[PDB]
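Following: one structure in structure tokens, then a few remarks.
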2 protein chains.
Amino acid sequence: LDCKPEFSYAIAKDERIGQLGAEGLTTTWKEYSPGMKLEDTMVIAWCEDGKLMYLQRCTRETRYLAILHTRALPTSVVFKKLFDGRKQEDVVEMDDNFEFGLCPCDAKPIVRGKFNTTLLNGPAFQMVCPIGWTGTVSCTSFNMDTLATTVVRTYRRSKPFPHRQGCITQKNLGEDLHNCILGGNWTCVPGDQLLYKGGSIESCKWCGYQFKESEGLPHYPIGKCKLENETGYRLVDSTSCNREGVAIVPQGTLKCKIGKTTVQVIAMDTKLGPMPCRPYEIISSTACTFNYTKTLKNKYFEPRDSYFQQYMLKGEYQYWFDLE
Amino acid sequence: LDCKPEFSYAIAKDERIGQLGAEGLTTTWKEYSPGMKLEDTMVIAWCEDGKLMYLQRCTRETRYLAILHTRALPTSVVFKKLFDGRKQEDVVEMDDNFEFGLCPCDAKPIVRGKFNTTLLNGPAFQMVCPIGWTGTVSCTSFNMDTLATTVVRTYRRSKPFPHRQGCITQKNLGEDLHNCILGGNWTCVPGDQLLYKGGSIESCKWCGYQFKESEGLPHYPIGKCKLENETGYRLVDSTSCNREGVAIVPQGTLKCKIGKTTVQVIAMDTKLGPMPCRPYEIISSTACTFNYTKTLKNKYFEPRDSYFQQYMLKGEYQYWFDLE
Ligand SMILES: *[C@@H]1O[C@H](CO)[C@@H](O[C@@H]2O[C@H](CO)[C@@H](O)[C@H](O)[C@H]2NC(C)=O)[C@H](O)[C@H]1NC(C)=O
Ligand SMILES: *[C@@H]1O[C@H](CO)[C@@H](O[C@@H]2O[C@H](CO)[C@@H](O)[C@H](O)[C@H]2NC(C)=O)[C@H](O)[C@H]1NC(C)=O
Ligand SMILES: *[C@@H]1O[C@H](CO)[C@@H](O[C@@H]2O[C@H](CO)[C@@H](O)[C@H](O)[C@H]2NC(C)=O)[C@H](O)[C@H]1NC(C)=O
Ligand SMILES: *[C@@H]1O[C@H](CO)[C@@H](O[C@@H]2O[C@H](CO)[C@@H](O)[C@H](O)[C@H]2NC(C)=O)[C@H](O)[C@H]1NC(C)=O
Ligand SMILES: *[C@@H]1O[C@H](CO)[C@@H](O[C@@H]2O[C@H](CO)[C@@H](O)[C@H](O)[C@H]2NC(C)=O)[C@H](O)[C@H]1NC(C)=O
Ligand SMILES: *[C@@H]1O[C@H](CO)[C@@H](O[C@@H]2O[C@H](CO)[C@@H](O)[C@H](O)[C@H]2NC(C)=O)[C@H](O)[C@H]1NC(C)=O
Ligand SMILES: *[C@@H]1O[C@H](CO)[C@@H](O[C@@H]2O[C@H](CO)[C@@H](O)[C@H](O)[C@H]2NC(C)=O)[C@H](O)[C@H]1NC(C)=O
Ligand SMILES: *[C@@H]1O[C@H](CO)[C@@H](O[C@@H]2O[C@H](CO)[C@@H](O)[C@H](O)[C@H]2NC(C)=O)[C@H](O)[C@H]1NC(C)=O
């Protein structure tokens, strides 16, 4: 129903009309206002403009609204029931996208469940992205004198939630993007690393050396490589950090160049082998004239010398020759 | 009977006195000399005391002495029979030293034997180095009236002549020494070249090029090689004058060396190989400097470039490199 300009209103717990008037009032009478509001310990209620509304502020006892025309007789009071009255204890199965929770009887939540995924604002409470959640939250309360304590209402989740609104489901552990197995924003219980489905890429990391462009590598992209918009690295390819006896590493022993990047490399074997990377510092010194560079045991950089149609190789250095 | 002063004497074959003299006369009449001698092709006589004595120089024709008294009629001569005219024949086996032949009755020899080995000086003849000859010369004689013809004596050699101290048994052709199967000085009917059983060589000939010294060959000596007492070459070996895909000839196409000697040489193939023979002229041309020479497509002379531990080959030239 609604409220009307010329009536008195009050609330009541039972309709019992005693001799003198309404017997079971909880409140004092109240004459109309466009936005009048009425108040007790089991309910609040309100009129807009133009309409009767309420918000049960606990639910153990049953409450009816009393109404009595301002002039009319006390024993003439009329009751429409606003919420039913029952006790004790509950369960509320929380729907797949249940988010904002709200306990009743100024009662503090107790959280049993799989993981942490909660925001407690007093007896209010909230599931922040509990994707993959199970547990049961019981709004209990404790008596200080007697150390007994008891619950009003349980909210059950036997089946795990699925995904939802703005629930970020990918975290950085160090520099690597990692999945979120369960939960979303900050309840991320992280998983396996993210694999590269595709995308316009900015940067590749391999063997502990970070590259921009296709140039020099067995293929591009390779190693692990991160997107422009994003923060961390997605897996791609675990190509081994060795290129036929010559392995590329942090530490030593001579420096060549891939694409634009510096690189250190050490040789594992001493047989004839191709250096993977283009070389660093090419030093010259026509009669016969010759450029050369430093190398490893038996390892040849391209290009071959045209003149001797071959890679030309003392033992430490690889040479190139022009004869006039 | 006897020769007296008041007579003339001559000799006759037939006892015939025809009209105007004797007919059978093989002389001109000889006036008495104390020591007159009469001579013809059958017999020769002499008067020593006035008594007569003669020595037949052949048997076949029967002869007389003619005697005409220096006054007398020609038609009155007389004759004494000096000796009879038996026509018999003999046969003669020549000593192993047999050397010089002699037919009798002014009789042409005609010769049957193995080869050419005779000098013919009318009715006498000569065997020049008849080494290993066999045959029969026979001193035949014609008659133009009767067209029969006959021999007086056959000289036989059934068994072949051995060699005989004074006969040269090896002929020189080109610069090659050659045996005489049959003959000696200029009757040499030559044979195979001489095999070199041993002795000091002055010069070897291999592949059309003359070597003095053991240096730079499979061994020494080799090919064909001529001794210090001699004039031409005895065969020793015939090592193939093509060497590991590269062959050595008169004309073309570049000149390497062995011992002190020049050698022309052509390529048998292209697939890599070893020469063998040092090279002609090494042309030089400080930082790096480089000596080199010309060569054969993929063929290398010794020694390698030490500095690269390998053979050093652009395509027509072999190089050696100095970084000091
Ligand atoms: C469960 O999740 C939240 C994550 O945000 C944690 O909230 C913090 O709780 C600590 C209590 O130890 C408080 O001091 C902070 O006020 C909260 N911080 C933030 C950023 O929210 C909560 O503690 C987690 N539960 C744990 C770690 O047991
Ligand atoms: C998880 O985080 C994201 C990003 O911070 C949240 O999405 C933004 O939330 C703000 C509110 O502050 C709104 O303006 C938009 O909905 C988002 N921002 C923009 C620019 O679009 C998301 O709501 C978070 N989820 C939680 C906390 O559960
Ligand atoms: C950065 O960019 C990639 C590639 O565009 C983003 O991937 C998008 O996100 C959705 C799912 O969240 C994918 O299905 C689509 O492929 C992408 N959408 C569009 C419109 O391109 C990725 O999420 C971004 N990473 C961030 C913001 O960290
Ligand atoms: C050795 O280094 C020199 C530089 O001093 C190279 O010189 C190049 O040679 C060409 C002609 O052959 C010149 O026209 C260019 O100006 C030079 N190019 C560059 C990129 O500098 C020489 O070719 C080098 N030899 C090698 C790499 O074997
Ligand atoms: C023995 O004597 C004569 C004269 O020397 C040889 O006659 C030769 O025979 C050839 C036939 O091949 C004729 O053409 C010539 O009349 C002769 N030629 C030469 C080169 O002598 C006879 O053959 C001699 N016996 C030989 C050479 O073995
Ligand atoms: C071949 O010719 C030579 C000389 O022109 C002859 O020489 C004689 O023979 C011996 C060899 O036994 C040589 O030592 C001497 O030159 C000569 N010796 C004497 C003792 O005079 C050789 O006999 C000739 N043979 C012929 C033509 O048949
Ligand atoms: C040059 O010397 C050789 C080797 O010595 C001579 O061969 C000799 O001759 C006889 C046969 O005539 C061989 O059986 C012997 O081997 C050699 N005899 C001696 C004593 O060494 C060859 O005849 C000579 N060549 C000439 C003179 O032209
Ligand atoms: C290139 O030719 C010259 C000859 O002019 C060689 O130089 C000689 O070799 C030694 C040591 O190698 C040098 O010390 C001398 O100056 C030269 N000696 C004589 C006697 O000339 C050079 O070694 C040759 N390089 C080659 C063949 O690779």
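Residue names in the structure tokens use chain letters A, B, ... in the order shown, residue numbers from 1 in each chain, and ligand numbers from 1 in the order shown.
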Inset, instruction - Starting from chain A, keep only residues with some atom at most 7 Å from an atom of chain B, counting only C-alpha atoms, and report them as a list in words. - result: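 Selected residues: residues 288, 307, 308 and 314 of chain A.
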Given only C-alpha atoms and all ligand atoms, how would the per-residue table for chain B near ligand 7 read, listing every residue at most 7 Å away with its closest atom pair and distance in Å to one decimal, sorted by chain and number, as a tab-separated table?
```
residue	atom	partner	partner_atom_place_in_ligand_line	distance
B:197	CA	ligand 7	16 (O)	6.8
B:198	CA	ligand 7	4 (C)	6.3
B:199	CA	ligand 7	4 (C)	5.3
B:227	CA	ligand 7	1 (C)	6.6
B:229	CA	ligand 7	1 (C)	4.9
B:230	CA	ligand 7	28 (O)	4.6
```
Expected file contents, prior selection, C-alpha atoms, as a PDB file, in the first residue's frame:
```pdb
ATOM      1  CA  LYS B 197     121.014 -55.196 -65.182  1.00  0.00           C
ATOM      2  CA  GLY B 198     123.185 -52.734 -63.242  1.00  0.00           C
ATOM      3  CA  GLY B 199     126.037 -50.261 -63.493  1.00  0.00           C
ATOM      4  CA  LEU B 227     125.267 -46.025 -68.772  1.00  0.00           C
ATOM      5  CA  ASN B 229     130.425 -46.641 -70.954  1.00  0.00           C
ATOM      6  CA  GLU B 230     127.622 -46.327 -73.530  1.00  0.00           C
TER       7      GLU B 230
END
```
Legend entry - Superposition RMSD [C-alpha atoms, order-paired], chain A onto chain B: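 Once chain A is fitted onto chain B, the C-alpha RMSD works out to 6.0 Å.
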Inset, instruction - Residues within 8 Å of ligand 6 should be enumerated using only C-alpha atoms and all ligand atoms and returned as a ChimeraX atom specification. - result: /B:128-129,165-168,184-186
Inset, instruction - Could you tell me, counting only C-alpha atoms and all ligand atoms, which protein and nucleic acid residues lie no more than 8 Å from ligand 4, written as a list in words? - result: residues 282, 283, 284, 290, 291, 292, 305, 319, 320, 321 and 322 of chain A
For the selection you just gave me, I'd like the residues written to a file as a PDB file, in the first residue's frame, keeping N, CA, C and O atoms.
```pdb
ATOM      1  N   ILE A 282      85.433  -5.046 -35.361  1.00  0.00           N
ATOM      2  CA  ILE A 282      86.137  -5.480 -36.563  1.00  0.00           C
ATOM      3  C   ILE A 282      87.346  -4.556 -36.781  1.00  0.00           C
ATOM      4  O   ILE A 282      87.169  -3.380 -37.094  1.00  0.00           O
ATOM      5  N   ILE A 283      88.567  -5.078 -36.631  1.00  0.00           N
ATOM      6  CA  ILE A 283      89.782  -4.229 -36.706  1.00  0.00           C
ATOM      7  C   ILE A 283      90.631  -4.465 -37.977  1.00  0.00           C
ATOM      8  O   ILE A 283      91.000  -5.594 -38.297  1.00  0.00           O
ATOM      9  N   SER A 284      90.927  -3.369 -38.682  1.00  0.00           N
ATOM     10  CA  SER A 284      91.668  -3.394 -39.950  1.00  0.00           C
ATOM     11  C   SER A 284      93.145  -3.050 -39.761  1.00  0.00           C
ATOM     12  O   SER A 284      93.528  -2.427 -38.762  1.00  0.00           O
ATOM     13  N   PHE A 290      93.431  -6.568 -45.043  1.00  0.00           N
ATOM     14  CA  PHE A 290      92.650  -7.553 -44.329  1.00  0.00           C
ATOM     15  C   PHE A 290      91.934  -6.966 -43.107  1.00  0.00           C
ATOM     16  O   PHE A 290      92.509  -6.206 -42.315  1.00  0.00           O
ATOM     17  N   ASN A 291      90.661  -7.308 -42.978  1.00  0.00           N
ATOM     18  CA  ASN A 291      89.919  -7.058 -41.755  1.00  0.00           C
ATOM     19  C   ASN A 291      89.861  -8.380 -41.009  1.00  0.00           C
ATOM     20  O   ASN A 291      90.116  -9.444 -41.593  1.00  0.00           O
ATOM     21  N   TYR A 292      89.581  -8.302 -39.713  1.00  0.00           N
ATOM     22  CA  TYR A 292      89.395  -9.499 -38.890  1.00  0.00           C
ATOM     23  C   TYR A 292      88.667  -9.185 -37.604  1.00  0.00           C
ATOM     24  O   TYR A 292      88.442  -8.021 -37.262  1.00  0.00           O
ATOM     25  N   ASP A 305      84.885 -15.370 -46.918  1.00  0.00           N
ATOM     26  CA  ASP A 305      85.620 -14.507 -47.825  1.00  0.00           C
ATOM     27  C   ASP A 305      85.440 -15.035 -49.247  1.00  0.00           C
ATOM     28  O   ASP A 305      85.884 -16.131 -49.597  1.00  0.00           O
ATOM     29  N   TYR A 319      89.398 -14.035 -40.480  1.00  0.00           N
ATOM     30  CA  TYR A 319      89.892 -12.929 -41.305  1.00  0.00           C
ATOM     31  C   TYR A 319      89.090 -12.732 -42.574  1.00  0.00           C
ATOM     32  O   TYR A 319      88.403 -13.638 -43.021  1.00  0.00           O
ATOM     33  N   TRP A 320      89.202 -11.537 -43.149  1.00  0.00           N
ATOM     34  CA  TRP A 320      88.686 -11.231 -44.486  1.00  0.00           C
ATOM     35  C   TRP A 320      89.761 -10.488 -45.283  1.00  0.00           C
ATOM     36  O   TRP A 320      90.453  -9.632 -44.716  1.00  0.00           O
ATOM     37  N   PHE A 321      89.910 -10.834 -46.574  1.00  0.00           N
ATOM     38  CA  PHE A 321      91.026 -10.334 -47.409  1.00  0.00           C
ATOM     39  C   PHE A 321      90.640  -9.650 -48.707  1.00  0.00           C
ATOM     40  O   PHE A 321      89.889 -10.214 -49.535  1.00  0.00           O
ATOM     41  N   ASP A 322      91.215  -8.464 -48.899  1.00  0.00           N
ATOM     42  CA  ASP A 322      91.240  -7.826 -50.193  1.00  0.00           C
ATOM     43  C   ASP A 322      92.666  -7.699 -50.706  1.00  0.00           C
ATOM     44  O   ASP A 322      93.556  -7.174 -50.027  1.00  0.00           O
TER      45      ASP A 322
END
```
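With only C-alpha atoms and all ligand atoms as the atoms that count, the residue of A:249, A:77, A:201, A:38 with the shortest distance to ligand 3 is A:201.
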Inset, instruction - All residues within 10 Å of ligand 5 are required, counting only C-alpha atoms and all ligand atoms; please report them as an NGL selection string. - result: :B and (111-118 or 187 or 189)
Inset, instruction - as a PyMOL selection string, list the residues of range 34-206 of chain A assigned to strand (DSSP E or B) by DSSP on the backbone atoms of this structure. - result: chain A and resi 37-39+44-47+52-54+63-69+78-83+92-93+100-102+111-113+118-121+124-127+131+135-142+149-157+161+170-173+176-182+184+186+189-193+195+201-206
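Put simply, CA of residue 92 in chain B is 23.0 Å away from CA of residue 182 in chain B.
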Legend entry - From A:71, A:257, A:159, A:57, residue lying nearest residue 95 in chain A [only C-alpha atoms]: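 Ranked by minimum distance to residue 95 in chain A, first place goes to A:159.
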Inset, instruction - Please provide the set of residues having any atom within 6 Å of residue 60 in chain B, restricted to only C-alpha atoms, with same-chain residues fewer than 2 positions apart removed, written as a VMD selection string. - result: chain B and resid 85 to 87
Take the residues from that selection and put them in a file with N, CA and C atoms, as a PDB file, in the first residue's frame.
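That gives us result-v3.pdb:
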```
ATOM      1  N   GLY B  85     138.873 -85.425-116.701  1.00  0.00           N
ATOM      2  CA  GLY B  85     137.779 -84.469-116.447  1.00  0.00           C
ATOM      3  C   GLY B  85     136.547 -85.025-115.749  1.00  0.00           C
ATOM      4  N   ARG B  86     136.735 -85.444-114.496  1.00  0.00           N
ATOM      5  CA  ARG B  86     135.647 -85.937-113.652  1.00  0.00           C
ATOM      6  C   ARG B  86     134.854 -84.777-113.064  1.00  0.00           C
ATOM      7  N   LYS B  87     133.524 -84.877-113.124  1.00  0.00           N
ATOM      8  CA  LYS B  87     132.604 -83.847-112.631  1.00  0.00           C
ATOM      9  C   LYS B  87     131.722 -84.374-111.467  1.00  0.00           C
TER      10      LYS B  87
END
```
Inset, instruction - Would you mind reading off the distance between CA of residue 270 in chain B and CA of residue 252 in chain B, one decimal, in Å? - result: 16.2 Å
Inset, instruction - Have a look at atom 1 (C, counted along the ligand's line) of ligand 1 and CA of residue 104 in chain A and let me know their distance in Å, one decimal. - result: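 Pair atom 1 (C, counted along the ligand's line) of ligand 1 / CA of residue 104 in chain A returns 22.6 Å.
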With only C-alpha atoms as the counted atoms, please give the residues lying no more than 8 Å from range 137-148 of chain B, apart from itself and same-chain residues fewer than 2 positions off, as a short mmCIF file (atom, residue, chain, number, x, y, z; two decimals) with N, CA, C and O atoms, in the first residue's frame.
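Okay, out_20.cif is ready:
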```cif
data_model
loop_
_atom_site.label_atom_id
_atom_site.label_comp_id
_atom_site.auth_asym_id
_atom_site.auth_seq_id
_atom_site.Cartn_x
_atom_site.Cartn_y
_atom_site.Cartn_z
N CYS B 103 134.67 -69.82 -103.69
CA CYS B 103 134.26 -70.73 -104.75
C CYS B 103 135.37 -71.00 -105.78
O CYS B 103 136.20 -70.13 -105.99
N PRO B 104 135.37 -72.18 -106.45
CA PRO B 104 136.48 -72.53 -107.31
C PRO B 104 136.37 -72.06 -108.76
O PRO B 104 137.03 -71.08 -109.14
N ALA B 107 133.21 -69.77 -110.41
CA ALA B 107 131.81 -70.12 -110.23
C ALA B 107 131.11 -69.22 -109.20
O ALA B 107 131.47 -69.18 -108.02
N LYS B 108 130.11 -68.49 -109.69
CA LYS B 108 129.22 -67.66 -108.89
C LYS B 108 128.73 -68.45 -107.68
O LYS B 108 128.25 -69.57 -107.86
N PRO B 109 128.85 -67.88 -106.45
CA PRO B 109 128.08 -68.51 -105.38
C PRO B 109 126.65 -68.06 -105.56
O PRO B 109 126.43 -66.96 -106.08
N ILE B 110 125.68 -68.92 -105.20
CA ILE B 110 124.36 -68.42 -104.82
C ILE B 110 124.05 -68.96 -103.44
O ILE B 110 124.44 -70.08 -103.09
N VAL B 111 123.37 -68.12 -102.66
CA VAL B 111 123.24 -68.29 -101.23
C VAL B 111 121.79 -68.56 -100.78
O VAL B 111 120.85 -67.81 -101.10
N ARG B 112 121.64 -69.64 -100.02
CA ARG B 112 120.43 -69.85 -99.26
C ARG B 112 120.80 -69.87 -97.79
O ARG B 112 121.70 -70.59 -97.39
N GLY B 113 120.14 -69.04 -96.99
CA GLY B 113 120.31 -69.06 -95.54
C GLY B 113 119.26 -68.23 -94.81
O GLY B 113 118.25 -67.78 -95.39
N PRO B 123 133.32 -64.99 -107.84
CA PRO B 123 133.23 -66.40 -107.46
C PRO B 123 133.87 -66.71 -106.12
O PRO B 123 134.11 -67.88 -105.80
N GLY B 135 122.30 -72.06 -93.33
CA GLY B 135 122.10 -72.06 -94.76
C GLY B 135 123.16 -72.84 -95.52
O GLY B 135 123.87 -73.67 -94.95
N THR B 150 125.31 -75.71 -113.13
CA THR B 150 125.64 -76.45 -111.89
C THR B 150 126.71 -75.93 -110.95
O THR B 150 127.59 -75.18 -111.30
N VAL B 151 126.52 -76.35 -109.72
CA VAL B 151 127.41 -76.12 -108.62
C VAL B 151 128.49 -77.15 -108.63
O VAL B 151 128.30 -78.24 -109.13
N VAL B 152 129.61 -76.75 -108.04
CA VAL B 152 130.77 -77.58 -107.79
C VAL B 152 130.84 -78.06 -106.33
O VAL B 152 131.26 -79.18 -106.03
N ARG B 153 130.44 -77.20 -105.43
CA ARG B 153 130.60 -77.45 -104.04
C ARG B 153 129.58 -76.63 -103.26
O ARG B 153 129.30 -75.47 -103.60
N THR B 154 129.00 -77.26 -102.25
CA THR B 154 128.07 -76.60 -101.35
C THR B 154 128.77 -76.41 -100.03
O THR B 154 129.48 -77.32 -99.57
N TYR B 155 128.59 -75.25 -99.41
CA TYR B 155 129.11 -75.03 -98.07
C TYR B 155 127.94 -74.94 -97.12
O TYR B 155 127.05 -74.10 -97.26
N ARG B 156 127.97 -75.82 -96.14
CA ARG B 156 126.83 -76.02 -95.31
C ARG B 156 127.05 -75.52 -93.89
O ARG B 156 128.16 -75.63 -93.33
#
```
Can you tell me which residues surround residue 27 in chain B at a distance of at most 10 Å, considering only C-alpha atoms, apart from same-chain residues fewer than 6 positions away, and format the answer as a PDB file with N, CA and C atoms, in the first residue's frame?
```pdb
ATOM      1  N   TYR B   9     154.849 -74.720-126.845  1.00  0.00           N
ATOM      2  CA  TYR B   9     153.834 -75.418-126.065  1.00  0.00           C
ATOM      3  C   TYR B   9     152.640 -74.508-125.796  1.00  0.00           C
ATOM      4  N   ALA B  10     151.477 -75.115-125.703  1.00  0.00           N
ATOM      5  CA  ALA B  10     150.316 -74.462-125.143  1.00  0.00           C
ATOM      6  C   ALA B  10     149.398 -75.588-124.594  1.00  0.00           C
ATOM      7  N   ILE B  11     148.186 -75.242-124.146  1.00  0.00           N
ATOM      8  CA  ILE B  11     147.277 -76.193-123.486  1.00  0.00           C
ATOM      9  C   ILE B  11     145.955 -76.242-124.219  1.00  0.00           C
ATOM     10  N   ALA B  12     145.358 -77.437-124.251  1.00  0.00           N
ATOM     11  CA  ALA B  12     144.058 -77.610-124.862  1.00  0.00           C
ATOM     12  C   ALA B  12     143.162 -78.436-124.016  1.00  0.00           C
ATOM     13  N   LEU B  38     152.862 -72.302-117.979  1.00  0.00           N
ATOM     14  CA  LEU B  38     151.626 -72.128-118.692  1.00  0.00           C
ATOM     15  C   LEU B  38     150.545 -72.068-117.666  1.00  0.00           C
ATOM     16  N   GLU B  39     149.516 -71.251-117.914  1.00  0.00           N
ATOM     17  CA  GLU B  39     148.460 -71.030-116.927  1.00  0.00           C
ATOM     18  C   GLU B  39     147.073 -70.862-117.508  1.00  0.00           C
ATOM     19  N   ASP B  40     146.149 -71.701-117.051  1.00  0.00           N
ATOM     20  CA  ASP B  40     144.731 -71.457-117.301  1.00  0.00           C
ATOM     21  C   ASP B  40     143.860 -71.739-116.052  1.00  0.00           C
ATOM     22  N   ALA B  66     149.487 -79.174-125.478  1.00  0.00           N
ATOM     23  CA  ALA B  66     149.711 -79.115-126.918  1.00  0.00           C
ATOM     24  C   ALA B  66     151.166 -78.808-127.195  1.00  0.00           C
TER      25      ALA B  66
END
```
Legend entry - residue 96 in chain A surroundings by only C-alpha atoms, 10 Å radius, close-in-sequence under 6 positions cut, as a PyMOL selection string: chain A and resi 131+157+159-164
Save the residues we just selected, N, CA, C and O atoms, as a compact mmCIF listing (two decimals), in the first residue's frame?
```
# COMPACT_ATOMS: atom_id res chain seq x y z
N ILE A 131 35.38 -16.18 -7.66
CA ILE A 131 35.52 -17.18 -8.70
C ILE A 131 36.20 -18.40 -8.07
O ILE A 131 37.22 -18.29 -7.36
N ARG A 157 27.63 -21.63 0.06
CA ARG A 157 28.12 -21.83 -1.32
C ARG A 157 28.78 -23.18 -1.40
O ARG A 157 29.95 -23.33 -1.06
N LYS A 159 28.78 -24.98 -4.39
CA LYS A 159 29.40 -25.01 -5.72
C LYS A 159 30.26 -23.75 -5.95
O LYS A 159 29.89 -22.66 -5.52
N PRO A 160 31.41 -23.90 -6.62
CA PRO A 160 32.28 -22.75 -6.90
C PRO A 160 31.78 -21.76 -7.97
O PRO A 160 31.25 -22.16 -9.00
N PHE A 161 31.98 -20.48 -7.70
CA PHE A 161 31.53 -19.39 -8.58
C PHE A 161 32.22 -19.44 -9.92
O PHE A 161 33.32 -19.93 -10.00
N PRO A 162 31.61 -18.91 -10.97
CA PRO A 162 32.34 -18.63 -12.19
C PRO A 162 32.60 -17.14 -12.35
O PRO A 162 32.12 -16.34 -11.54
N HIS A 163 33.29 -16.79 -13.43
CA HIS A 163 33.86 -15.45 -13.65
C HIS A 163 32.81 -14.37 -13.80
O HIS A 163 31.63 -14.65 -13.88
N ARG A 164 33.26 -13.12 -13.77
CA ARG A 164 32.34 -12.00 -13.61
C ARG A 164 32.92 -10.65 -14.09
O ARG A 164 33.92 -10.61 -14.81
```
Inset, instruction - Compile the contact shell of residue 243 in chain B as a PyMOL selection string: residues with an atom at most 12 Å away, counting only C-alpha atoms, same-chain residues fewer than 6 positions apart removed. - result: chain B and resi 207+217-218+249+265-269+273-277+299
Legend entry - From A:21, A:29, A:127, A:73, residue lying nearest ligand 1 [only C-alpha atoms and all ligand atoms]: A:127
